[PDB]
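What follows is the content of protein_4.pdb, which has PDB, C-alpha atoms:
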```
ATOM      1  CA  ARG S   1     162.177  94.838  42.577
ATOM      2  CA  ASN S   2     162.482  92.003  45.099
ATOM      3  CA  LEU S   3     163.918  94.448  47.635
ATOM      4  CA  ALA S   4     161.069  96.888  47.034
ATOM      5  CA  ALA S   5     158.514  94.113  47.519
ATOM      6  CA  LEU S   6     160.315  92.771  50.593
ATOM      7  CA  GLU S   7     160.452  96.202  52.220
ATOM      8  CA  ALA S   8     156.741  96.648  51.547
ATOM      9  CA  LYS S   9     156.074  93.260  53.161
ATOM     10  CA  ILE S  10     158.243  94.111  56.162
ATOM     11  CA  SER S  11     156.662  97.507  56.784
ATOM     12  CA  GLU S  12     153.088  96.307  56.354
ATOM     13  CA  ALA S  13     153.515  93.152  58.444
ATOM     14  CA  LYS S  14     155.313  95.001  61.236
ATOM     15  CA  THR S  15     152.825  97.857  61.491
ATOM     16  CA  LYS S  16     149.760  95.612  61.156
ATOM     17  CA  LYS S  17     151.001  93.186  63.811
ATOM     18  CA  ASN S  18     151.912  96.032  66.164
ATOM     19  CA  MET S  19     148.516  97.707  65.829
ATOM     20  CA  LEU S  20     146.727  94.360  66.154
ATOM     21  CA  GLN S  21     148.587  93.648  69.392
ATOM     22  CA  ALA S  22     147.833  97.139  70.706
ATOM     23  CA  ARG S  23     144.124  96.800  69.944
ATOM     24  CA  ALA S  24     144.036  93.306  71.457
ATOM     25  CA  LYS S  25     145.588  94.726  74.625
ATOM     26  CA  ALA S  26     142.967  97.482  74.643
ATOM     27  CA  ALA S  27     140.225  94.875  74.203
ATOM     28  CA  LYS S  28     141.557  92.753  77.064
ATOM     29  CA  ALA S  29     141.776  95.876  79.223
ATOM     30  CA  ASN S  30     138.110  96.544  78.467
ATOM     31  CA  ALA S  31     137.260  92.923  79.284
ATOM     32  CA  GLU S  32     139.080  93.321  82.599
ATOM     33  CA  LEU S  33     136.979  96.434  83.214
ATOM     34  CA  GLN S  34     133.844  94.373  82.592
ATOM     35  CA  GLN S  35     135.083  91.640  84.935
ATOM     36  CA  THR S  36     135.797  94.169  87.681
ATOM     37  CA  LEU S  37     132.325  95.644  87.222
ATOM     38  CA  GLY S  38     130.828  92.166  87.537
ATOM     39  CA  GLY S  39     133.242  91.233  90.310
ATOM     40  CA  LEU S  40     131.380  92.982  93.127
ATOM     41  CA  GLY S  41     132.064  91.786  96.666
ATOM     42  CA  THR S  42     128.535  92.368  97.929
ATOM     43  CA  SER S  43     128.720  89.051  99.799
ATOM     44  CA  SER S  44     131.237  90.303 102.371
ATOM     45  CA  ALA S  45     129.304  93.481 103.199
ATOM     46  CA  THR S  46     126.094  91.454 103.358
ATOM     47  CA  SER S  47     127.796  89.050 105.775
ATOM     48  CA  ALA S  48     128.974  91.919 107.980
TER      49      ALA S  48
ATOM     50  CA  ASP Y   1     131.553  90.605 113.441
ATOM     51  CA  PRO Y   2     129.449  92.248 110.711
ATOM     52  CA  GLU Y   3     130.855  95.655 111.687
ATOM     53  CA  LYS Y   4     134.389  94.728 110.631
ATOM     54  CA  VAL Y   5     133.242  93.037 107.412
ATOM     55  CA  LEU Y   6     131.207  96.088 106.407
ATOM     56  CA  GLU Y   7     134.106  98.416 107.223
ATOM     57  CA  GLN Y   8     136.478  96.284 105.148
ATOM     58  CA  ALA Y   9     134.069  96.293 102.204
ATOM     59  CA  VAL Y  10     133.769 100.078 102.471
ATOM     60  CA  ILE Y  11     137.563 100.321 102.422
ATOM     61  CA  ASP Y  12     137.838  98.049  99.377
ATOM     62  CA  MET Y  13     135.333 100.239  97.535
ATOM     63  CA  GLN Y  14     137.889 103.050  97.835
ATOM     64  CA  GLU Y  15     140.482 100.990  95.963
ATOM     65  CA  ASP Y  16     137.912  99.909  93.380
ATOM     66  CA  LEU Y  17     136.856 103.443  92.466
ATOM     67  CA  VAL Y  18     140.493 104.508  92.044
ATOM     68  CA  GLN Y  19     141.168 101.527  89.780
ATOM     69  CA  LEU Y  20     138.151 102.440  87.662
ATOM     70  CA  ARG Y  21     139.384 106.044  87.464
ATOM     71  CA  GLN Y  22     142.751 104.777  86.233
ATOM     72  CA  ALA Y  23     141.039 102.626  83.606
ATOM     73  CA  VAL Y  24     138.987 105.612  82.442
ATOM     74  CA  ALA Y  25     142.140 107.716  82.151
ATOM     75  CA  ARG Y  26     143.800 104.974  80.104
ATOM     76  CA  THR Y  27     140.789 104.917  77.786
ATOM     77  CA  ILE Y  28     140.971 108.698  77.385
ATOM     78  CA  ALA Y  29     144.656 108.467  76.488
ATOM     79  CA  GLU Y  30     144.022 105.734  73.924
ATOM     80  CA  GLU Y  31     141.209 107.657  72.231
ATOM     81  CA  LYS Y  32     143.373 110.785  72.135
ATOM     82  CA  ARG Y  33     146.216 108.852  70.516
ATOM     83  CA  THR Y  34     144.039 107.210  67.870
ATOM     84  CA  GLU Y  35     142.412 110.557  67.056
ATOM     85  CA  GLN Y  36     145.825 112.156  66.584
ATOM     86  CA  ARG Y  37     147.038 109.270  64.422
ATOM     87  CA  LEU Y  38     144.022 109.280  62.113
ATOM     88  CA  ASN Y  39     144.120 113.074  61.836
ATOM     89  CA  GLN Y  40     147.752 113.102  60.710
ATOM     90  CA  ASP Y  41     147.201 110.150  58.370
ATOM     91  CA  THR Y  42     144.348 111.956  56.630
ATOM     92  CA  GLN Y  43     146.760 114.766  55.754
ATOM     93  CA  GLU Y  44     149.482 112.367  54.609
ATOM     94  CA  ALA Y  45     147.082 111.234  51.882
ATOM     95  CA  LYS Y  46     146.606 114.837  50.775
ATOM     96  CA  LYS Y  47     150.380 115.332  50.648
ATOM     97  CA  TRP Y  48     150.808 112.258  48.467
ATOM     98  CA  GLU Y  49     147.951 113.558  46.325
ATOM     99  CA  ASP Y  50     149.956 116.761  45.916
ATOM    100  CA  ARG Y  51     152.888 114.659  44.731
ATOM    101  CA  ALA Y  52     150.427 113.003  42.344
ATOM    102  CA  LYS Y  53     149.492 116.468  41.086
ATOM    103  CA  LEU Y  54     153.174 117.195  40.496
ATOM    104  CA  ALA Y  55     153.142 114.022  38.409
ATOM    105  CA  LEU Y  56     150.034 115.306  36.619
ATOM    106  CA  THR Y  57     152.113 118.331  35.640
ATOM    107  CA  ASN Y  58     154.294 116.217  33.346
ATOM    108  CA  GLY Y  59     154.561 112.573  32.424
ATOM    109  CA  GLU Y  60     155.076 110.435  35.509
ATOM    110  CA  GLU Y  61     151.834 108.483  35.568
ATOM    111  CA  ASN Y  62     153.750 105.832  37.512
ATOM    112  CA  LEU Y  63     154.383 108.359  40.280
ATOM    113  CA  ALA Y  64     150.709 109.351  40.249
ATOM    114  CA  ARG Y  65     149.523 105.764  40.674
ATOM    115  CA  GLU Y  66     152.127 105.192  43.393
ATOM    116  CA  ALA Y  67     150.719 108.216  45.214
ATOM    117  CA  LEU Y  68     147.260 106.727  44.698
ATOM    118  CA  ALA Y  69     148.438 103.476  46.295
ATOM    119  CA  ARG Y  70     149.716 105.458  49.277
ATOM    120  CA  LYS Y  71     146.329 107.187  49.402
ATOM    121  CA  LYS Y  72     144.512 103.850  49.393
ATOM    122  CA  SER Y  73     146.680 102.512  52.214
ATOM    123  CA  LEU Y  74     146.222 105.693  54.243
ATOM    124  CA  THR Y  75     142.444 105.756  53.814
ATOM    125  CA  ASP Y  76     142.169 102.074  54.740
ATOM    126  CA  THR Y  77     144.192 102.770  57.881
ATOM    127  CA  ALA Y  78     141.991 105.800  58.569
ATOM    128  CA  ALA Y  79     138.827 103.701  58.328
ATOM    129  CA  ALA Y  80     140.345 101.073  60.621
ATOM    130  CA  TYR Y  81     141.280 103.773  63.129
ATOM    131  CA  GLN Y  82     137.780 105.247  62.851
ATOM    132  CA  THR Y  83     136.332 101.863  63.789
ATOM    133  CA  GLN Y  84     138.861 101.551  66.610
ATOM    134  CA  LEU Y  85     137.931 105.001  67.926
ATOM    135  CA  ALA Y  86     134.235 104.131  67.781
ATOM    136  CA  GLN Y  87     134.993 101.088  69.924
ATOM    137  CA  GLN Y  88     137.077 103.222  72.290
ATOM    138  CA  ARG Y  89     134.290 105.792  72.651
ATOM    139  CA  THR Y  90     131.716 103.082  73.333
ATOM    140  CA  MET Y  91     133.951 101.424  75.926
ATOM    141  CA  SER Y  92     134.747 104.782  77.537
ATOM    142  CA  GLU Y  93     131.065 105.627  77.902
ATOM    143  CA  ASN Y  94     130.440 102.146  79.301
ATOM    144  CA  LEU Y  95     133.174 102.679  81.885
ATOM    145  CA  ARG Y  96     131.871 106.162  82.711
TER     146      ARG Y  96
ATOM    147  CA  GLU F   1     127.825 150.215  92.662
ATOM    148  CA  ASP F   2     129.458 153.584  92.005
ATOM    149  CA  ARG F   3     131.985 151.817  89.788
ATOM    150  CA  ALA F   4     128.995 150.185  88.089
ATOM    151  CA  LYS F   5     127.559 153.662  87.530
ATOM    152  CA  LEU F   6     130.848 154.713  85.945
ATOM    153  CA  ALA F   7     130.330 151.732  83.648
ATOM    154  CA  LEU F   8     126.768 152.922  83.011
ATOM    155  CA  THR F   9     128.306 156.167  81.771
ATOM    156  CA  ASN F  10     129.781 154.424  78.726
ATOM    157  CA  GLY F  11     129.925 150.901  77.398
ATOM    158  CA  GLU F  12     131.455 148.557  79.951
ATOM    159  CA  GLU F  13     128.481 146.367  80.775
ATOM    160  CA  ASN F  14     131.020 143.716  81.775
ATOM    161  CA  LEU F  15     132.347 146.044  84.472
ATOM    162  CA  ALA F  16     128.796 146.753  85.642
ATOM    163  CA  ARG F  17     127.966 143.064  86.031
ATOM    164  CA  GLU F  18     131.299 142.466  87.774
ATOM    165  CA  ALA F  19     130.372 145.211  90.233
ATOM    166  CA  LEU F  20     126.994 143.512  90.624
ATOM    167  CA  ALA F  21     128.754 140.238  91.453
ATOM    168  CA  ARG F  22     130.785 142.054  94.104
ATOM    169  CA  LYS F  23     127.520 143.505  95.413
ATOM    170  CA  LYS F  24     125.945 140.052  95.604
ATOM    171  CA  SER F  25     128.930 138.651  97.496
ATOM    172  CA  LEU F  26     128.963 141.607  99.884
ATOM    173  CA  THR F  27     125.235 141.419 100.612
ATOM    174  CA  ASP F  28     125.429 137.662 101.195
ATOM    175  CA  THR F  29     128.278 138.244 103.642
ATOM    176  CA  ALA F  30     126.251 141.031 105.263
ATOM    177  CA  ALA F  31     123.267 138.725 105.764
ATOM    178  CA  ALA F  32     125.533 136.038 107.217
ATOM    179  CA  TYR F  33     127.059 138.582 109.595
ATOM    180  CA  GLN F  34     123.575 139.803 110.528
ATOM    181  CA  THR F  35     122.643 136.253 111.502
ATOM    182  CA  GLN F  36     125.923 135.899 113.392
ATOM    183  CA  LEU F  37     125.277 139.146 115.272
ATOM    184  CA  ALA F  38     121.758 138.013 116.150
ATOM    185  CA  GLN F  39     123.275 134.868 117.644
ATOM    186  CA  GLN F  40     125.878 136.949 119.485
ATOM    187  CA  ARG F  41     123.216 139.260 120.924
ATOM    188  CA  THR F  42     121.103 136.315 122.062
ATOM    189  CA  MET F  43     124.096 134.621 123.685
ATOM    190  CA  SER F  44     125.187 137.883 125.320
ATOM    191  CA  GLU F  45     121.756 138.413 126.853
ATOM    192  CA  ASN F  46     121.751 134.789 128.010
ATOM    193  CA  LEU F  47     125.114 135.310 129.699
ATOM    194  CA  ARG F  48     123.963 138.603 131.230
TER     195      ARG F  48
ATOM    196  CA  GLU I   1     115.382 121.879  94.017
ATOM    197  CA  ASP I   2     116.948 125.274  93.333
ATOM    198  CA  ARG I   3     119.380 123.566  90.969
ATOM    199  CA  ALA I   4     116.326 121.929  89.393
ATOM    200  CA  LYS I   5     114.832 125.399  88.958
ATOM    201  CA  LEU I   6     118.029 126.507  87.231
ATOM    202  CA  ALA I   7     117.428 123.555  84.917
ATOM    203  CA  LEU I   8     113.828 124.718  84.473
ATOM    204  CA  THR I   9     115.272 127.997  83.209
ATOM    205  CA  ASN I  10     116.612 126.314  80.070
ATOM    206  CA  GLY I  11     116.725 122.812  78.682
ATOM    207  CA  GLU I  12     118.401 120.447  81.121
ATOM    208  CA  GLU I  13     115.492 118.215  82.055
ATOM    209  CA  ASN I  14     118.102 115.576  82.889
ATOM    210  CA  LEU I  15     119.537 117.876  85.553
ATOM    211  CA  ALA I  16     116.041 118.531  86.906
ATOM    212  CA  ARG I  17     115.266 114.829  87.279
ATOM    213  CA  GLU I  18     118.685 114.239  88.848
ATOM    214  CA  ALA I  19     117.854 116.938  91.391
ATOM    215  CA  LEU I  20     114.516 115.199  91.919
ATOM    216  CA  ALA I  21     116.345 111.931  92.612
ATOM    217  CA  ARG I  22     118.486 113.728  95.187
ATOM    218  CA  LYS I  23     115.275 115.126  96.676
ATOM    219  CA  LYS I  24     113.745 111.654  96.891
ATOM    220  CA  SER I  25     116.832 110.257  98.613
ATOM    221  CA  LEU I  26     116.954 113.177 101.042
ATOM    222  CA  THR I  27     113.268 112.940 101.948
ATOM    223  CA  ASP I  28     113.526 109.177 102.463
ATOM    224  CA  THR I  29     116.485 109.752 104.776
ATOM    225  CA  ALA I  30     114.514 112.493 106.537
ATOM    226  CA  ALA I  31     111.580 110.150 107.148
ATOM    227  CA  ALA I  32     113.940 107.464 108.447
ATOM    228  CA  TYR I  33     115.556 109.988 110.786
ATOM    229  CA  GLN I  34     112.111 111.160 111.907
ATOM    230  CA  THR I  35     111.261 107.586 112.871
ATOM    231  CA  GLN I  36     114.633 107.238 114.592
ATOM    232  CA  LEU I  37     114.049 110.450 116.552
ATOM    233  CA  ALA I  38     110.588 109.268 117.582
ATOM    234  CA  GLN I  39     112.206 106.117 118.952
ATOM    235  CA  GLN I  40     114.876 108.197 120.695
ATOM    236  CA  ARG I  41     112.266 110.459 122.298
ATOM    237  CA  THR I  42     110.239 107.476 123.492
ATOM    238  CA  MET I  43     113.325 105.789 124.941
ATOM    239  CA  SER I  44     114.463 109.037 126.571
ATOM    240  CA  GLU I  45     111.106 109.508 128.277
ATOM    241  CA  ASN I  46     111.192 105.868 129.377
ATOM    242  CA  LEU I  47     114.628 106.399 130.908
ATOM    243  CA  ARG I  48     113.522 109.657 132.543
TER     244      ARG I  48
ATOM    245  CA  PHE R   1     163.355 114.076  66.532
ATOM    246  CA  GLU R   2     161.584 110.741  67.047
ATOM    247  CA  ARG R   3     162.428 110.864  70.747
ATOM    248  CA  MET R   4     161.090 114.418  70.851
ATOM    249  CA  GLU R   5     157.939 113.353  68.993
ATOM    250  CA  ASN R   6     157.490 110.525  71.498
ATOM    251  CA  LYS R   7     157.543 113.209  74.183
ATOM    252  CA  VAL R   8     154.975 115.099  72.096
ATOM    253  CA  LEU R   9     152.875 111.925  72.021
ATOM    254  CA  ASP R  10     153.151 111.767  75.808
ATOM    255  CA  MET R  11     151.777 115.309  75.859
ATOM    256  CA  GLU R  12     148.930 114.153  73.604
ATOM    257  CA  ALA R  13     148.283 111.325  76.065
ATOM    258  CA  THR R  14     148.108 113.951  78.804
ATOM    259  CA  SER R  15     145.578 115.833  76.671
ATOM    260  CA  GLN R  16     143.495 112.665  76.295
ATOM    261  CA  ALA R  17     143.713 112.161  80.060
ATOM    262  CA  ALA R  18     142.427 115.706  80.551
ATOM    263  CA  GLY R  19     139.587 115.013  78.126
ATOM    264  CA  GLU R  20     138.712 111.858  80.047
ATOM    265  CA  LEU R  21     138.739 114.202  83.051
ATOM    266  CA  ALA R  22     136.556 116.715  81.197
ATOM    267  CA  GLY R  23     133.338 115.173  82.535
ATOM    268  CA  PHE R  24     131.969 117.183  85.457
ATOM    269  CA  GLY R  25     128.453 117.237  86.873
ATOM    270  CA  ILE R  26     129.051 120.605  88.553
ATOM    271  CA  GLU R  27     128.899 122.303  85.147
ATOM    272  CA  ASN R  28     125.244 123.167  85.791
ATOM    273  CA  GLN R  29     126.391 125.695  88.388
ATOM    274  CA  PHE R  30     128.345 127.526  85.690
ATOM    275  CA  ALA R  31     125.059 128.085  83.870
ATOM    276  CA  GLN R  32     123.683 129.623  87.059
ATOM    277  CA  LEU R  33     126.652 131.986  86.968
ATOM    278  CA  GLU R  34     125.579 132.910  83.446
ATOM    279  CA  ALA R  35     122.052 133.406  84.760
ATOM    280  CA  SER R  36     123.569 135.705  87.374
ATOM    281  CA  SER R  37     125.173 137.663  84.538
ATOM    282  CA  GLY R  38     121.694 138.086  83.091
ATOM    283  CA  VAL R  39     120.705 139.922  86.260
ATOM    284  CA  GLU R  40     123.458 142.473  85.690
ATOM    285  CA  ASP R  41     122.510 142.487  82.012
ATOM    286  CA  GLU R  42     118.965 143.302  83.097
ATOM    287  CA  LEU R  43     120.369 146.088  85.264
ATOM    288  CA  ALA R  44     122.097 147.364  82.124
ATOM    289  CA  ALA R  45     118.644 147.938  80.652
ATOM    290  CA  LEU R  46     117.542 149.332  84.016
ATOM    291  CA  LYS R  47     120.157 152.104  83.925
ATOM    292  CA  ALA R  48     118.176 153.656  81.058
TER     293      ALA R  48
ATOM    294  CA  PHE B   1     149.967  86.491  65.641
ATOM    295  CA  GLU B   2     148.256  83.130  66.191
ATOM    296  CA  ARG B   3     149.279  83.207  69.847
ATOM    297  CA  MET B   4     147.913  86.745  70.070
ATOM    298  CA  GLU B   5     144.685  85.675  68.352
ATOM    299  CA  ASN B   6     144.386  82.806  70.833
ATOM    300  CA  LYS B   7     144.545  85.450  73.553
ATOM    301  CA  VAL B   8     141.860  87.345  71.623
ATOM    302  CA  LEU B   9     139.789  84.150  71.602
ATOM    303  CA  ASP B  10     140.252  83.939  75.368
ATOM    304  CA  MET B  11     138.848  87.465  75.541
ATOM    305  CA  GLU B  12     135.905  86.314  73.410
ATOM    306  CA  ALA B  13     135.406  83.443  75.856
ATOM    307  CA  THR B  14     135.340  86.026  78.641
ATOM    308  CA  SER B  15     132.691  87.913  76.663
ATOM    309  CA  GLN B  16     130.622  84.730  76.340
ATOM    310  CA  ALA B  17     131.030  84.172  80.082
ATOM    311  CA  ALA B  18     129.735  87.696  80.690
ATOM    312  CA  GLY B  19     126.786  87.010  78.395
ATOM    313  CA  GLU B  20     126.037  83.818  80.309
ATOM    314  CA  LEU B  21     126.188  86.117  83.344
ATOM    315  CA  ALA B  22     123.892  88.635  81.637
ATOM    316  CA  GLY B  23     120.759  87.040  83.106
ATOM    317  CA  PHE B  24     119.516  88.992  86.123
ATOM    318  CA  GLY B  25     116.072  88.988  87.710
ATOM    319  CA  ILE B  26     116.720  92.337  89.410
ATOM    320  CA  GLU B  27     116.385  94.084  86.042
ATOM    321  CA  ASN B  28     112.757  94.901  86.876
ATOM    322  CA  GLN B  29     114.006  97.401  89.453
ATOM    323  CA  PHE B  30     115.808  99.292  86.691
ATOM    324  CA  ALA B  31     112.431  99.845  85.043
ATOM    325  CA  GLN B  32     111.198 101.321  88.318
ATOM    326  CA  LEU B  33     114.137 103.716  88.119
ATOM    327  CA  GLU B  34     112.884 104.680  84.667
ATOM    328  CA  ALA B  35     109.420 105.121  86.160
ATOM    329  CA  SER B  36     111.041 107.397  88.732
ATOM    330  CA  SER B  37     112.486 109.412  85.851
ATOM    331  CA  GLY B  38     108.936 109.821  84.582
ATOM    332  CA  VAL B  39     108.086 111.600  87.823
ATOM    333  CA  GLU B  40     110.782 114.188  87.159
ATOM    334  CA  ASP B  41     109.656 114.246  83.531
ATOM    335  CA  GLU B  42     106.160 115.008  84.802
ATOM    336  CA  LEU B  43     107.642 117.776  86.940
ATOM    337  CA  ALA B  44     109.202 119.116  83.739
ATOM    338  CA  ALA B  45     105.676 119.676  82.446
ATOM    339  CA  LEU B  46     104.726 121.009  85.881
ATOM    340  CA  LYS B  47     107.307 123.809  85.705
ATOM    341  CA  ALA B  48     105.173 125.383  82.962
TER     342      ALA B  48
END
```

Output the structure of this file as structure tokens.
Amino acid sequence: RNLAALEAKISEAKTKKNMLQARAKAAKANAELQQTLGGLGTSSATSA
Amino acid sequence: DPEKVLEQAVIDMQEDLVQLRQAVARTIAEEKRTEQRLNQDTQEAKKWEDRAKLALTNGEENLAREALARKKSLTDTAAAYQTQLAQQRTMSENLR
Amino acid sequence: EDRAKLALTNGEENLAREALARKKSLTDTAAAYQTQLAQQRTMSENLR
Amino acid sequence: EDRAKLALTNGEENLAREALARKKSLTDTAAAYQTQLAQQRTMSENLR
Amino acid sequence: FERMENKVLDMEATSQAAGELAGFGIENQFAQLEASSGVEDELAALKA
Amino acid sequence: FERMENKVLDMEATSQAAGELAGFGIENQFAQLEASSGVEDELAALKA
């Protein structure tokens, strides 16, 4: 029974952590998209 | 000279649009993957429900409730992936 | 258009509209060539 | 505007207003070029 | 089979990339093509 | 997972920075764009 419980713990923790990391990476990618959209170099063209 | 600065900005715009295209493609890939995952998971629950029906045939209530636990886990994961895909769709439209 | 008439004989409306598409392309090309020939005639008279 | 008419055929009011935006941009550019050409004609006569 | 299914997942990623590519503004022109078909369809009634 | 959630919190800080950036006086011009849409919308009634 301890082995059954431990395997359940291992599987759930591993998969949950992996998916959490993947979604966090997706979120940070989206945040980088937002930064790039905000990060517009209009100043240089205006100076030219 | 303003000419050179404007030309350089125009050039940089070319890199920027390509980077945004790459980001959009990444978003498309992620939404595809999550859709596939949730779709398969939905059917896994039905398969375990079929095992539960086998249990219903004779005796093994324990097996039936185990299948129900698998179903609960799968549906929770499906709801989480549905939320994730909603976020992906929103972000993809924002990027578009 | 004769092929389109064959289609008119029985059924193949798809073939008729395909023939019509060919007709449209051909008439557009004919108008373009008419304009081109007008330009050629004008230039030829200029050169003469 | 012809694309806008295609939109007028069925539904796509969005396409029609997009075509109208293109029309607005094109006519603004045309007016700017008309002013530019007036300046060019004046300068050319001055030089002549 | 897991390696092969990872390749399958790469194919699914390609499908998602194509879907992300699915957006095209030129699609309106396709409708015009359909409108053109109507012309031939009208001619189908005309043959009567 | 706490390290990863600290990274997530950094992403949330980026979101708060974007919100602090959200203020723009140029937003009025966007409304003009919407007004421009109205023109095309009016033309939609005009097509009738």

Checklist entry - When the cut-off is 12 Å and we count all atoms listed in the file, which residues of chain B are near chain I, given as a list in words? => result residues 33, 34, 35, 36, 37, 38, 39, 40, 41, 42, 43, 44, 45, 46, 47 and 48 of chain B

Dump C-alpha atoms for the selected residues as a compact mmCIF listing (two decimals), keeping the file's coordinate frame?
```txt
# COMPACT_ATOMS: atom_id res chain seq x y z
CA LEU B 33 114.14 103.72 88.12
CA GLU B 34 112.88 104.68 84.67
CA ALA B 35 109.42 105.12 86.16
CA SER B 36 111.04 107.40 88.73
CA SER B 37 112.49 109.41 85.85
CA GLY B 38 108.94 109.82 84.58
CA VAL B 39 108.09 111.60 87.82
CA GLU B 40 110.78 114.19 87.16
CA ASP B 41 109.66 114.25 83.53
CA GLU B 42 106.16 115.01 84.80
CA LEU B 43 107.64 117.78 86.94
CA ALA B 44 109.20 119.12 83.74
CA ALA B 45 105.68 119.68 82.45
CA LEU B 46 104.73 121.01 85.88
CA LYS B 47 107.31 123.81 85.70
CA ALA B 48 105.17 125.38 82.96
```

Next on the checklist: Distance limit 9 Å, atoms considered: all atoms listed in the file. Which chain Y residues sit that close to chain S? Return them as a PyMOL selection string.
Outcome noted: chain Y and resi 1-10+12+16+20+23+27+30+84+88+91-92+95

Write out the residues from the selection above, keeping C-alpha atoms, as a PDB file, in the coordinates of the input.
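What follows is the written file selection_21.pdb:
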```pdb
ATOM      1  CA  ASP Y   1     131.553  90.605 113.441  1.00  0.00           C
ATOM      2  CA  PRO Y   2     129.449  92.248 110.711  1.00  0.00           C
ATOM      3  CA  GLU Y   3     130.855  95.655 111.687  1.00  0.00           C
ATOM      4  CA  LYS Y   4     134.389  94.728 110.631  1.00  0.00           C
ATOM      5  CA  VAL Y   5     133.242  93.037 107.412  1.00  0.00           C
ATOM      6  CA  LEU Y   6     131.207  96.088 106.407  1.00  0.00           C
ATOM      7  CA  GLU Y   7     134.106  98.416 107.223  1.00  0.00           C
ATOM      8  CA  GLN Y   8     136.478  96.284 105.148  1.00  0.00           C
ATOM      9  CA  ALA Y   9     134.069  96.293 102.204  1.00  0.00           C
ATOM     10  CA  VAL Y  10     133.769 100.078 102.471  1.00  0.00           C
ATOM     11  CA  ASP Y  12     137.838  98.049  99.377  1.00  0.00           C
ATOM     12  CA  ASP Y  16     137.912  99.909  93.380  1.00  0.00           C
ATOM     13  CA  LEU Y  20     138.151 102.440  87.662  1.00  0.00           C
ATOM     14  CA  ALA Y  23     141.039 102.626  83.606  1.00  0.00           C
ATOM     15  CA  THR Y  27     140.789 104.917  77.786  1.00  0.00           C
ATOM     16  CA  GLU Y  30     144.022 105.734  73.924  1.00  0.00           C
ATOM     17  CA  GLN Y  84     138.861 101.551  66.610  1.00  0.00           C
ATOM     18  CA  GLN Y  88     137.077 103.222  72.290  1.00  0.00           C
ATOM     19  CA  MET Y  91     133.951 101.424  75.926  1.00  0.00           C
ATOM     20  CA  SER Y  92     134.747 104.782  77.537  1.00  0.00           C
ATOM     21  CA  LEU Y  95     133.174 102.679  81.885  1.00  0.00           C
TER      22      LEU Y  95
END
```

Next on the checklist: Could you list, as a list in words, every residue matched by the ChimeraX specification (/R :<10) & /Y in this structure?
Outcome noted: residues 21, 22, 24, 25, 26, 27, 28, 29, 30, 31, 32, 33, 35, 36, 37, 92 and 96 of chain Y

Checklist entry - If you measure from CA of residue 11 in chain S to CA of residue 74 in chain Y, what distance in Å do you get, rounded to one decimal? => result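 We find that CA of residue 11 in chain S and CA of residue 74 in chain Y lie 13.5 Å from each other.
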
Next on the checklist: Between CA of residue 31 in chain R and CA of residue 3 in chain I, what distance in Å does the model show, to one decimal?
Outcome noted: 10.2 Å

Checklist entry - Can you tell me how far CA of residue 22 in chain I sits from CA of residue 32 in chain B, in Å to one decimal? => result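 Answer for the CA of residue 22 in chain I to CA of residue 32 in chain B separation: 15.9 Å.
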
Next on the checklist: Could you tell me, as a ChimeraX atom specification, exactly which residues end up selected when the PyMOL selection byres ((chain S) within 9 of (chain B)) is applied to this structure?
Outcome noted: /S:17,20-21,24-25,27-28,31,34-35,38

Extract, using all atoms listed in the file, all DNA, RNA and protein residues at most 10 Å from residue 49 in chain Y, discarding same-chain residues fewer than 4 positions from it, and format them as a PDB file with C-alpha atoms, in the coordinates of the input.
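Written out: out10.pdb:
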```pdb
ATOM      1  CA  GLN Y  43     146.760 114.766  55.754  1.00  0.00           C
ATOM      2  CA  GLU Y  44     149.482 112.367  54.609  1.00  0.00           C
ATOM      3  CA  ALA Y  45     147.082 111.234  51.882  1.00  0.00           C
ATOM      4  CA  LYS Y  53     149.492 116.468  41.086  1.00  0.00           C
ATOM      5  CA  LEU Y  54     153.174 117.195  40.496  1.00  0.00           C
ATOM      6  CA  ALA Y  55     153.142 114.022  38.409  1.00  0.00           C
ATOM      7  CA  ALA Y  64     150.709 109.351  40.249  1.00  0.00           C
ATOM      8  CA  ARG Y  65     149.523 105.764  40.674  1.00  0.00           C
ATOM      9  CA  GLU Y  66     152.127 105.192  43.393  1.00  0.00           C
ATOM     10  CA  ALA Y  67     150.719 108.216  45.214  1.00  0.00           C
ATOM     11  CA  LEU Y  68     147.260 106.727  44.698  1.00  0.00           C
ATOM     12  CA  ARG Y  70     149.716 105.458  49.277  1.00  0.00           C
ATOM     13  CA  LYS Y  71     146.329 107.187  49.402  1.00  0.00           C
TER      14      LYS Y  71
END
```

Size and centre in Å, one decimal, axis-aligned box, all listed range 35-40 of chain S atoms plus 4 Å per side, as lines of an AutoDock Vina configuration file:
```
center_x = 133.3
center_y = 93.4
center_z = 89.0
size_x = 13.0
size_y = 12.4
size_z = 16.2
```
